[PDB]
Every structure is written in C-alpha cells, then in structure tokens.
Participant: 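Structure provided below as structure tokens; questions to follow.
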Number of protein chains: 4
Amino acid sequence: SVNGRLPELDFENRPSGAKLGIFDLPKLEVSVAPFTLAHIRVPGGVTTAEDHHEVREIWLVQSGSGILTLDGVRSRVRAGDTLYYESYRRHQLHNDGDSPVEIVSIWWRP
Amino acid sequence: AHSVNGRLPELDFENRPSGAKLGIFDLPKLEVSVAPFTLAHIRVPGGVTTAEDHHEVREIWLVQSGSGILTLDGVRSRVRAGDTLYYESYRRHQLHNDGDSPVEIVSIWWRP
Amino acid sequence: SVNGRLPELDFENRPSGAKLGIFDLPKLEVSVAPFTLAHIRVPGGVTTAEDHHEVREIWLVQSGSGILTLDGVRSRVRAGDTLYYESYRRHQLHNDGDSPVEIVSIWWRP
Amino acid sequence: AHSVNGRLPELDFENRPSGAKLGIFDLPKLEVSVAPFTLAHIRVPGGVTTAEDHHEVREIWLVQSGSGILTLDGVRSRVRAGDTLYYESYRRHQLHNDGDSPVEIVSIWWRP
Ligand SMILES: [Cl-]
Ligand SMILES: [Cl-]
Ligand SMILES: [Cl-]
Ligand SMILES: [Cl-]
Ligand SMILES: [Cl-]
Ligand SMILES: [Cl-]
Ligand SMILES: [Zn+2]
Ligand SMILES: [Zn+2]
Ligand SMILES: [Zn+2]
Ligand SMILES: [Zn+2]
C-alpha cells in the first residue's frame with residue numbers, strides 16, 4: 001500500500017509439472033450489475049436539471065409525456081418511447097402535463 | 001422483498017431541487033477483484049508439457065524467458081522470450097518446453 | 001492468427017526519454033451497453049418456458065400480474081414489482097389474467 | 001427514431017413456442033478491443049525520469065528488468081525486476097532509473 005507492491009506469488013505445482021502463480025489483487029465491494037438502475041418521477045410543470053455526464057444512459061419512458069431537449073433540439077416523448085444518451089449529450093425533460101412522467105433510467109460507465 | 005421471490009425492495013425516492021424525484025434500485029452486492037481480469041505467472045520447467053487448455057476465457061501470454069513449442073489448434077509453432085500471444089476464446093493451446101531452461105510466462109485471462 | 005502472435009510493438013519516444021509501446025489487440029463490434037435490454041410480453045394463459053442461464057437478469061414488471069415460480073417457490077408478481085435473478089436461478093411466469101404481462105428485461109454476463 | 005431525439009427503433013417481437021413474445025432493443029454498436037484493459041510495454045533508459053502520472057485508470061506494473069526509484073504519492077521506494085505493483089486510481093507515480101540499464105515494465109491499465 002505505502003509502495004503499492006503486491007504480495008509475493010504462491011506457486012501451485014500442477015500435475016503436468018508446470019507451476020502456476022496467481023496474483024492476489026485488492027478486492028472491493030461492487031453491485032452485481034455493471035450499471036445503475038433508477039426510477040425518475042417528473043411531476044407536472046417540473047423541468048429536470050440539464051444533465052450531462054460521461055456515463056451512458058437509457059430512459060424507458062413508462063408513463064406521461066414531456067418535451068425532451070437533447071443538445072438543444074426539442075422533441076416530444078411519451079410512455080412507450082425508449083431513449084439512448086451517448087456520453088456527454090445534454091438532456092433535459094419538461095413535463096407539461098397534469099400527470100407525472102415516470103421513467104426507468106439505466107446508466108453505466110462506457 | 002426476499003431471496004425467495006427475488007423481489008427488490010421498494011424504492012426510496014429523493015427530492016431533487018428541480019422538483020423531480022430519483023430512486024435508485026438497491027441491488028445486491030458482491031466482493032470482486034479490483035481488476036476485470038486474472039493476472040498470473042506460468043513457469044514451465046524443461047521437458048514439461050502443459051495440459052491442453054480449452055476454455056471460454058480469452059488469454060494473453062507474454063513469454064518472458066525460455067522457448068518452447070506452442071501447439072495451437074493442432075498447429076505447431078515455436079514461441080520464445082519477447083513473443084506475445086493472444087488466444088481467442090475456446091482455442092486449444094498447449095506448450096511443450098523442449099529446452100533445459102524454464103519458460104516463464106505472464107498470463108492474463110478474462111471472460112469475453 | 002495461425003499461431004496467435006500479436007504484431008511487434010511500435011514504440012513511441014516520449015518527451016521524458018521513456019519509451020511506450022501499446023499492444024495492438026484484435027477489435028470486435030459490440031453493443032454500447034454491457035447488457036441486453038429486452039421486452040417480454042406474456043399473453044393471458046401463457047406460461048413462459050422454464051428459463052435458466054448463467055446471465056444475471058432483472059425483470060421490471062410494467063403491467064399485469066402472474067405467478068412466478070422461482071426455484072420451485074411460487075409467488076405472485078404485479079406491475080410495479082422489480083425482480084433480480086442471480087445466475088442459474090430457475091424462473092418461470094404464468095399469466096393467469098386476461099390482460100398481458102409486460103416486462104422489461106435486462107440481462108448480462110456476471 | 002434518430003440521433004436527434006435519441007429514440008430507439010420500435011421493437012420487433014418474436015413469438016416463442018410458449019406463446020410469449022420477445023423483443024430485443026437494438027442499441028448502437030461500437031468497435032472496441034477484445035480486451036477490457038490496455039496492455040503496454042514501458043522502457044525507461046538509464047537516467048530517465050518518467051512524467052509524474054496522475055490518472056483515473058487503475059494500473060499494474062510488472063517490472064521485468066532493471067531497477068529504479070518509484071515515487072508513489074510522495075513516497076520514495078526502490079523497485080526492481082520481479083516486483084509487481086498496483087496503482088489505485090488517481091495515485092501519483094513516477095519512476096527514476098538511477099541505473100545504467102533500462103528498466104523494462106509490462107504495464108496494464110483499465111477504467112475502475
Ligand atoms: Cl432533476
Ligand atoms: Cl401515460
Ligand atoms: Cl498444466
Ligand atoms: Cl417463453
Ligand atoms: Cl396492470
Ligand atoms: Cl514519461
Ligand atoms: Zn442523465
Ligand atoms: Zn489457458
Ligand atoms: Zn431468463
Ligand atoms: Zn500511469
């Protein structure tokens with residue numbers, strides 16, 4: 001740790017006569033999934049903060065309808081639309097309906 | 001919610017300054033290596049023939065010392081120090097050290 | 001390819017005096033996502049085939065209701081439930097309603 | 001569906017023998033390495049000091065030949081052939097070869 005060395009190899013003697021040593025690297029706690037799964041609820045009248053991030057992102061719009069602004073281009077989305085945002089694309093959703101927009105969001109590091 | 005139904009817990013929603021709400025699904029956790037590969041050293045003494053390998057992980061061999069005869073999908077070829085090999089998934093490989101010196105290999109394996 | 005050798009290294013001379021050679025590995029076409037995203041529609045009366053696979057899997061049940069059998073244990077799921085299936089758990093869904101069960105499925109290699 | 005709305009195409013559903021229907025979302029594709037890491041050789045001639053590195057990728061150094069003085073987050077230490085080092089993300093590292101021989105390193109880097 002202080003100088004970052006890995007422990008010395010413990011070699012296994014294999015039946016063939018070969019020797020095999022596996023490097024013992026640090027462990028860490030991770031999610032079973034290589035992505036983050038979330039739900040976004042946008043009430044009526046809400047505009048989300050303009051998002052931009054290196055993680056890639058998918059939106060599965062489940063309910064409601066809104067004006068997506070994607071890199072300056074406005075378009076309407078609704079329940080049943082599915083969207084993919086490449087790294088760093090600027091996205092923002094304005095819900096101009098009475099009922100909430102419900103979104104399943106998935107994001108992951110490229 | 002439990003392992004018997006596989007059901008994930010109810011979401012806890014956070015309020016964002018915009019008025020939107022964000023809930024993150026709480027998935028199960030796991031202890032894994034800091035590395036998405038396995039790093040290994042293989043030493044093949046003089047006269048040894050490794051076991052014929054046939055596995056799903058991709059594999060890189062950085063041959064460091066010595067020399068021997070790689071058999072790769074039935075094709076015989078010589079490999080020596082400074083060679084670097086890449087074995088696509090499920091390719092049969094087997095090394096016979098016909099020298100007197102050990103062949104030393106840094107091996108990297110990972111799931112496609 | 002015939003003997004699997006990588007091409008010889010092309011070393012770059014760095015301003016420090018060090019040399020850096022990067023190994024040129026084979027390329028391949030992949031999805032931008034490290035998982036597969038799908039939709040499963042189970043009509044009324046349908047029972048899905050008993051699934052089992054090494055990939056991990058999440059179901060986001062969007063609509064309808066059914067009897068999940070998970071490793072021999074029966075339970076009811078509905079729209080709004082979200083499920084995680086570890087590698088090799090046996091899952092199967094019977095839709096005993098009039099209307100279809102709609103599921104967003106995500107699977108990925110552990 | 002296009003890049004201007006980011007919208008994915010409508011699903012094409014397949015009938016399964018059970019009566020269920022399966023549609024797979026068609027996501028965009030990309031050319032990547034067969035390996036989830038970058039594999040490199042670093043050669044530090046006698047007297048050379050590498051640039052101080054400070055980056056997000058994790059890094060493994062398999063020192064093969066020679067010897068020098070690693071500086072790791074301001075701590076000076078000697079590294080020699082046969083040493084294997086692991087640099088967690090954003091750890092400052094810099095190698096000074098105070099010998100006459102080159103230090104040769106197999107370096108592996110990857111995104112946490
Ligand atoms: Cl927001
Ligand atoms: Cl709606
Ligand atoms: Cl063996
Ligand atoms: Cl089925
Ligand atoms: Cl429903
Ligand atoms: Cl440098
Ligand atoms: Zn976002
Ligand atoms: Zn092997
Ligand atoms: Zn399944
Ligand atoms: Zn570095």
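Within every chain, numbering begins at 1; the chains are lettered A, B, ... in the order of the sequence lines, protein sequences first and strands thereafter.
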Participant: One pair to check against ring pair (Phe, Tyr, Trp, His ring centres under 6.0 Å): C/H53 and C/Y88. What are the steps and the verdict?
Facilitator: CA-CA 5 Å; C/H53 39 61; C/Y88 292 123; 8.1 Å; no

Participant: Without hydrogens or angle criteria, can the side chains of D/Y86 and D/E88 be said to hold a donor-acceptor pair below 3.5 Å?
Facilitator: yes

Participant: Which atoms form the tightest heavy-atom contact between C/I22 and D/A40, and what is the distance?
Facilitator: CG1-CB, 4.0 Å

Participant: Ignoring hydrogens and geometry, is there a side-chain-to-backbone donor-acceptor pair from C/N95 to C/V42 under 3.5 Å?
Facilitator: yes

Participant: Find out whether D/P36 and D/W110 are in side-chain contact, i.e. whether some heavy atom of one side chain is under 4.5 Å from a heavy atom of the other.
Facilitator: no

Participant: Would you say CG of D/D12 has more than 12 non-hydrogen atoms from neighbouring residues, nucleotides or ligands within 6.0 angstrom?
Facilitator: no

Participant: Within a strict 4.5 Å, meaning less than it, do heavy atoms of the D/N5 and A/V73 side chains meet?
Facilitator: no

Participant: Measuring from A/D51:CG to A/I40:CD1, what's the distance to the nearest 0.5 Å?
Facilitator: 7.5 Å

Participant: Could you walk me through whether C/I58 and C/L83 pass the side chain to side chain contact (heavy atoms under 4.5 Å, CB included) check?
Facilitator: CA-CA 6 Å; C/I58 290 172; C/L83 303 123; over 6 Å; no

Participant: Using modelled atom types and a 3.5 Å cut-off, is there a donor and acceptor pairing between side-chain atoms of A/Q92 and backbone atoms of A/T48?
Facilitator: yes

Participant: If we ignore angles and hydrogens, is there a donor and acceptor under 3.5 Å between the side chains of A/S105 and A/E57?
Facilitator: yes

Participant: Give, for atom CG of A/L60 and atom NE2 of A/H39, the distance between the pair rounded to the nearest 0.5 Å.
Facilitator: 11.0 Å

Participant: As a test of understanding, state which of D/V34, D/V32, D/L27 forms a side-chain contact (heavy atoms from CB on, under 4.5 Å) with C/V30.
Facilitator: D/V32

Participant: Looking at A/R5 and D/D83, is any side-chain nitrogen of the basic one under 4.0 Å from a carboxylate oxygen of the acidic one?
Facilitator: yes

Participant: Nearest 0.5 Å, what's the CD1-CG distance between B/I108 and B/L39?
Facilitator: 6.0 Å

Participant: Could you state the interatomic distance from CG (D/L11) to CZ (C/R41), rounded to the nearest 0.5 Å?
Facilitator: 8.5 Å

Participant: In terms of side-chain geometry, is the basic nitrogen of B/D73 or B/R91 positioned less than 4.0 Å from the acidic oxygen of its partner?
Facilitator: yes

Participant: Quiz question: by atom type and distance under 3.5 Å, do the side chains of C/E50 and C/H91 form a donor-acceptor pair?
Facilitator: no

Participant: For a quick test of reading the model, state the closest non-hydrogen atom pair linking A/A18 to A/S16 and the distance between them.
Facilitator: N-OG, 3.0 Å

Participant: Tell me, yes or no, whether the heavy-atom count around C/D98 atom CG, taken from other residues, nucleotides or ligands under 6.0 Å, exceeds 12.
Facilitator: no

Participant: Between the side chain of D/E14 and the main-chain N/O of D/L22, is any donor-acceptor distance below 3.5 Å?
Facilitator: no

Participant: Hey, could you give me the OH/CH2 distance between D/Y87 and D/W61, rounded to the nearest 0.5 Å?
Facilitator: 4.0 Å

Participant: Would you say the side chain of D/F37 lies within less than 4.5 Å of the side chain of B/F37, judging by non-hydrogen atoms?
Facilitator: yes

Participant: Where do B/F13 and B/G23 come nearest, in terms of heavy atoms and distance?
Facilitator: CD2-N, 3.6 Å

Participant: Is a side-chain donor-acceptor pair under 3.5 Å present for A/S65 with A/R76?
Facilitator: yes

Participant: Please determine whether a side-chain nitrogen of the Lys or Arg among D/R111 and D/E56 lies less than 4.0 Å from a carboxylate oxygen of the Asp or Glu.
Facilitator: yes

Participant: Run the salt-bridge test on B/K29 and B/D26 with the 4.0 Å N-O cut-off and return the result as yes or no.
Facilitator: no

Participant: Taking all non-hydrogen atoms of both residues, which atom of A/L68 and which atom of A/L93 are closest, and how far apart?
Facilitator: N-CD1, 4.0 Å

Participant: Please report the shortest heavy-atom distance between A/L6 and A/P26, naming the atom on each side.
Facilitator: CD2-CD, 4.4 Å

Participant: Using every non-hydrogen atom in the two residues, find where B/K21 and B/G19 come nearest and quote the distance to one decimal.
Facilitator: NZ-O, 3.2 Å

Participant: Okay, side chain of C/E102, backbone of C/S63: is any donor-acceptor separation there less than 3.5 Å?
Facilitator: no

Participant: Got a second to check how far A/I67's CD1 is from A/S75's OG, nearest 0.5 Å?
Facilitator: 7.5 Å

